[PDB]
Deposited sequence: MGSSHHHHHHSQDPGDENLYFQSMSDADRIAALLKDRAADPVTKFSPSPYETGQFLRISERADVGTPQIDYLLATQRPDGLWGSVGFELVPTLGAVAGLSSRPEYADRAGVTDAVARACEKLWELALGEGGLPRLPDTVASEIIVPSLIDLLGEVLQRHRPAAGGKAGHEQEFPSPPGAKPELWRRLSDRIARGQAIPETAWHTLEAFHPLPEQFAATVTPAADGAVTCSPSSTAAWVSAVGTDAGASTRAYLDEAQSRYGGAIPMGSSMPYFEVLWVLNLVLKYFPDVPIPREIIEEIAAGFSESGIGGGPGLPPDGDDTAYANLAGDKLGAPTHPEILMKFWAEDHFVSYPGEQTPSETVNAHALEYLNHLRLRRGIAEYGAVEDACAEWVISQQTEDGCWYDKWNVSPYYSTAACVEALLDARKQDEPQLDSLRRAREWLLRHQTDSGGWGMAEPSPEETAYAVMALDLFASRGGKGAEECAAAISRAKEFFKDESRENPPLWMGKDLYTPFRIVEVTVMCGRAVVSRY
């Protein structure tokens, strides 16, 4: 009974249930509890919020605590039961402990709409827990932007469909604005159960969607939904590198082909086209004999770099990695450097985003292991072999070798199978090129054998929505690719 057979089994089941599998979040559970009215269900969410709370009374991963901790307490302050106020009391006591310290509150992580989620919850939760005192004011927190959209909504003036993702920031939603909103063909308002909730509180497809979302895990609410293209393209683009001779469902091919359009493809329907998924639809298309067009990708190109979204506040480093990979593959296969200009420029740009320590980060996943391994696949096959590129790649690898742990794995903090599979993946590409360092890259991988075959550990949430989450299908495949690399050394 093979992993190969398993991926093939995963691929058949993916084509059966196109329902996206993102891990629950205390923020999304925290907002859903507050908003889905008449208490269709309340206690199931409460139980889940108390078990996942951290000993220090907070919620979330170390350095991404505010948005989830505010989300949960808002939920447990709305409308108590056993240990709820104890939770609410100890959570709030540990929040003023930080807002009253050195530098005050740590800057907002660049998690989706932190800029809005955080001001909104503190106004609402200010009046809730102004007590438990002897104000917060996060550095990246833009109340101005929050209050602006607030009164744009009340005037019945349309809002960017990007904020439709986080309507739960506008708690009492006026009806004349709710009538502007249409949910997707699956019942979701812009990929978020708690935003859909806000819409509803102010219907068949949408109830079925919320039925499933309050049932999958016993009450805990999936952090986001409706993103079958994202989780399809990332799975398929790892099956195509580490599992050739596993047969891909046609029905999955046609599914991508359905969502791909003039302006490209988004993470899912209800999202606009983005450079990441367009620059991965293309690549998988190529690898499978589909007629693919770089002309569409150039539409996500700006001056010096490809953009996740044409309106780019802060740019994304994996988008440029994912796009260059496609451009390298096309030049190597087609035999012409048609985008010679963009390749080099995108290569320059990728290099200038590396930190002094040797790794990259990304807008979309918060572990440098995702971003570094992606930037490294792109750079090894980058056409020029400029000293900037090989010195870049030389520092990247060095970083990779020096951060391995006694367990054999790697991690932005505690080691994990997702981040270990990223390092071992990035090492394999080095070992299989040769030269100085290449044999230390392989030894490093042989050492990962123990980490993987060892315990069934858990997957920390490293991906960035409005809070962090595991995209389970994508992480399911990543770890097995790491193992396939591992079980070649």
Stretches with no C-alpha atoms in the model, relative to the deposited sequence starting at 1: 1-23, 103-106, 162-172, 241-245
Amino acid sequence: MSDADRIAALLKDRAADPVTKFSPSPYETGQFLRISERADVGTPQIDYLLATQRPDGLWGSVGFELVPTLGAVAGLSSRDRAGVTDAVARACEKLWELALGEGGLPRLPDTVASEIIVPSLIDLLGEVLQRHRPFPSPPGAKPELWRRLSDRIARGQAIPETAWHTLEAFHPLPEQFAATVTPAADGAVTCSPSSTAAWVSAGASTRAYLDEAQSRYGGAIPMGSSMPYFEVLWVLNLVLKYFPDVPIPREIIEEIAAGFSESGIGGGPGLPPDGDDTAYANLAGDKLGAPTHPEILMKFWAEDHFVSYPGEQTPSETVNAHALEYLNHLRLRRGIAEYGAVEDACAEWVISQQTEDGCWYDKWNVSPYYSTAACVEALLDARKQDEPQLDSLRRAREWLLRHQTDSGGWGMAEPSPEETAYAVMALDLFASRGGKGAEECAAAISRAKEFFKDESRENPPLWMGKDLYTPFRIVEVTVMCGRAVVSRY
From here on, numbers count along this sequence of modelled residues.
For the C-alpha atoms alone, is the average B factor greater in 319-327 or in 150-158, going by the entry? 150-158
Report the stretch with the higher mean CA temperature factor, choosing between 393-401 and 214-222 on the basis of the entry. 393-401
Between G275, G267, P134, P368, which one tops the list for Cα B-factor in this entry? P134
What's the residue among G71, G411, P193, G103 with the greatest CA temperature factor in the PDB record? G103
Tell me, lowest, middle or highest third: where does the Cα B factor of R6 rank within its chain? middle
By its CA B factor, does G437 count among the lowest, middle or highest third of the modelled residues in the chain? highest
Using the temperature factors of the C-alpha atoms in this entry, rank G358 within its chain: lowest, middle or highest third. middle
Just say lowest, middle or highest third for the CA B-factor of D17 relative to the other modelled residues in its chain. highest
Of the three thirds of Cα B-factor ranks in this chain, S201 occupies the middle
